[PDB]
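So this one's two forms of a single chain, laid out as structure tokens and tagged structure 1 and structure 2.
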Structure 1
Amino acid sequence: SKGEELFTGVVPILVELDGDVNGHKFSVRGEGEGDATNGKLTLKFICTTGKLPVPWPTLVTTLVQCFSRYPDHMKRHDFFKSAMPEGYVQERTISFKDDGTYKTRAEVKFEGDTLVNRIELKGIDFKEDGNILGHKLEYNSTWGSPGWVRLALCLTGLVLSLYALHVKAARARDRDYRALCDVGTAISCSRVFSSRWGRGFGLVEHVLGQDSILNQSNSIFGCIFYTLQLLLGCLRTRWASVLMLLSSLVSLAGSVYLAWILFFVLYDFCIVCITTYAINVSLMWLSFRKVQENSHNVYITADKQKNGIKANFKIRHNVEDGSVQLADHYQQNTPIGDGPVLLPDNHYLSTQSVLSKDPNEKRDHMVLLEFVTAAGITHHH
């Protein structure tokens, strides 16, 4: 692969898109540099026709995977580089969920010493009021809407915790108290909250002492927790997502311990408790999803009958009301010229993107930094 020998060092990249979406025609141009040795791209794109009719984040993937870092156990699998300098044809079908579709065809090749990506894109079936043409996606804000589902979960969790607080304080003060969540003799609410295990989870007093600041009614940790999850769900930084996930894992372990008490130790059926548990599971799942948005995995499999590759993956774009927009990608790559090519075993490219804005750019632009490194190929016994 003399091709891969083309990508030591820092190559100049040019990119040119001509696109038509639901009839609105537009042209994008981008210039930058590529470092296949660190898998790092830096690029600035400007729309040359005026107002871009779609959101910038939906054109990132259409807008040079030959700049990926292929590690040493994987050199025999880098198709993109091994097609150079003749280049390759990359074809994508990008389906947006409950919305339209992009069809793209690009040629990627060396022109002089410049890696050139030339794209024709055609989008159909878009709703002019949907997420795409309505410009309802997020670009890169620090703060954002928590979304309706996160809000339902956290407010319900908080209200239930404040109720359990009130209920604890009342059986403390009258042993004969019953609350709405006490029902006959099957479903119990008060004997649970006022047991050993309803303060500091029944653990603090043995580990830190009864005086501890941490020997609180469980519902105090509850209130703290649901408040936190709301707040962080309003943040869009990577560390916000890390905290969310780790606090959720704590909540999950606490739920399993408390349920092991509820059954098996106290023998009560507490509906408020089980609801708390379901909420914490939902939050944990959303925690997983939030955290997995920092890196996208492009799944590359070989396509021998066409002498190239095919690719599969999903993008989730943050929508301004707190939701997420799915973008299914199907991809084909076929060499332009001849000569041997490298047909890889199944593997993937791990991709991470950072969008930003030149404060000095009057035109409709996108500054894009990108890190891509390959993984997947199993190792040598």
Structure 2
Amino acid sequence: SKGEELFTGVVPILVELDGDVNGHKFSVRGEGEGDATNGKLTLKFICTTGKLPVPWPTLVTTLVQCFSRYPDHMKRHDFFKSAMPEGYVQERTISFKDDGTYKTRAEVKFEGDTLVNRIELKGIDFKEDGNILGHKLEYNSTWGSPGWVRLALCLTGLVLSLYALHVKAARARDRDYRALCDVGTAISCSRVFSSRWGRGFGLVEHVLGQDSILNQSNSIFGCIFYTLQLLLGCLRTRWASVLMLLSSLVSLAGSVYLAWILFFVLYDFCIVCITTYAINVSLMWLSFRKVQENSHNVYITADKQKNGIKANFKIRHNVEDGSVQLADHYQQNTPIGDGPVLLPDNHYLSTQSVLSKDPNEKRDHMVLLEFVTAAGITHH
């Protein structure tokens, strides 16, 4: 498109936002530059009116997708640049799960040589004690609380594993030892932990032999697994999530095997064992949700009725208590001008945002670096 010529260099950016969230009025001004050749944005935003009444992370998506890097084989699908310099109107509804909603209307267009994004934001139905108005979101932390749920699951698993280790040793030292989980008759955790399936899962010896250092009491692996699940729950990185997921998958396989041993080999309804299986299913589901979460591609489709595009996507904001706050985004873009625009095939934008602080800035502010690449259409 002709608009493309406006983005091959470095372009100055002005962002102006007037907002009202549950009657708390505020204004933001941002300035910086966009480098669409590298899909890169660098901006600093200031709350001009005082303290921002919502967390800065919740405004990132509202505060110029014309600066996305569209690979060359996708140049025909870049609506945003094709609508320039005349610009486009961008409207969103952002639904914060179990909380309020933002509605935004922005005009994005060139004024002289500056790409200007002017935005009106209305927020309603937010909870004063919630994560948004209550300022409970992490700004950019790389480590934090694991959350009450993960903590309960992992400490319970760890405590049970430690007790199983203790039980195995005590029963090895006294045939008449009775554990708290020795309920009687057909329920003896002592017998379970003392069986060959209680060491190396009854499998290690058959691959690594019985001498191996990996042929440890199951509860040792349990201690390690629950401790690492909790510690990885303190990390805010993709790789910690993938590790949690893979280890949960292993724990799933092992739990099903051990349950089979319980019911068809040992004939023992081991309540503490079943409890660890339930904890393992819980952690499996948590790591599954985690891996899903925060991928956050912006899914774009053409809206021929408005000569524009629509998009939808999910943002996950880390909460200081270790939980996550979903922000479900619905988006529409319509050209301001009457000249031709590109209507794309289905695709998505992959976005990475880095939030930081200006050590010399005393006003409430956010420094933002952003990298966005178009994808979702195979180059073949």
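For residue numbers, the reference is structure 1: its sequence is counted from 1. Just so we're on the same page, rigid core means the largest C-alpha set that superposes within 1.5 Å between forms.
Per-residue Cα shift between structures 1 and 2 after core alignment stays below 2 Å for all of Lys122, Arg118, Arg76, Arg289 except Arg289. Interdomain rotation between structures 1 and 2 (smaller rigid part relative to larger, C-alpha based, rounded to whole degrees) is 18°. For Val256, the Cα shift between structures 1 and 2 is 8.5 Å when the rigid core is held fixed in the overlay. In the rigid-core superposition between structures 1 and 2, residue position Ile220 carries a C-alpha shift of 3.7 Å.
After superposing on the rigid core, the C-alpha of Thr301 is displaced by 0.2 Å between structures 1 and 2.
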